[PDB]
Amino acid sequence: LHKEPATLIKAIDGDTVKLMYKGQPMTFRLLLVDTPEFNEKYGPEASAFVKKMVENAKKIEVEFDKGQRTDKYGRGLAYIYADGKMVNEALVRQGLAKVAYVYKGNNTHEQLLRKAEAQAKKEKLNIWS
Ligand SMILES: Cc1cn([C@H]2C[C@H](OP(=O)(O)O)[C@@H](COP(=O)(O)O)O2)c(=O)[nH]c1=O
Ligand SMILES: [Ca+2]
Numbered sequence: 007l008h009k010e011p012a013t014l015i016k017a018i019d020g021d022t023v024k025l026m027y028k029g030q031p032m033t034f035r036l037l038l039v040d041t042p043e050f051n052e053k054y055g056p057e058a059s060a061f062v063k064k065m066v067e068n069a070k071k072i073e074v075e076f077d078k079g080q081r082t083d084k085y086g087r088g089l090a091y092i093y094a095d096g097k098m099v100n101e102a103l104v105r106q107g108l109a110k111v112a113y114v115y116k117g118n119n120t121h122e123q124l125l126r127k128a129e130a131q132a133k134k135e136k137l138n139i140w141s
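Sequence positions in the sequence shown follow PDB author numbering and run 7 to 43, 50 to 141.
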């Protein structure tokens, strides 16, 4: 797996973000996570967390997995990094997201995020409190 460049177009919510990728605008859905929707509990906090993360990054990178790169709604499915730190993992670590939608062949970073979730549960963080 490798990191490709992209630029913020627009923060959207806890687990979707608009990026420019290979010069095209495109909504990305964060692999292996599920944030609450904005209208749910911690939805707003999730959105703010990612928003802050991507808006403050000097460098956004996109990392496809080995499988499907687009979902059925046309969203790009990737791991997204903000100055080297993975947003997907960061959300889970803070208990702003659950590990979720784990499909085979698009699950490289699965155990890494389960480690993170386990620590967030342990600390009773946000979702787990
Ligand atoms: C995370 C992810 C979601 N999806 C699809 C499955 C879900 O289908 P349904 O809409 O049929 O429930 C939907 C959930 O995304 P959201 O959590 O953004 O709604 O996105 C994938 O197909 N692959 C993925 O990796
Ligand atoms: Ca969601």
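Every residue, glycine too, gets a C-beta built ideally from N, C-alpha and C.
Subject >> heavy atom of ligand 1 below 7 Å from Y113 C-beta >> reply: yes
Original post:
Does DSSP put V23 in a helix, in a strand, or in coil?
Top reply: strand
**OP:** Could you spell out where the beta strand (DSSP E) holding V104 opens and where it closes?
**Re:** Taken as a continuous stretch (DSSP letters only), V104 belongs to no beta strand (DSSP E), being part of the alpha helix (DSSP H) at 99-105.
Original post:
Within the chosen definition, does the segment 28-35 reach the segment 82-91 through at least 3 CB pairs nearer than 8 Å?
Top reply: yes
**OP:** Verify whether the separation of the beta carbon atoms of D19 and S59 is less than 8 Å.
**Re:** yes
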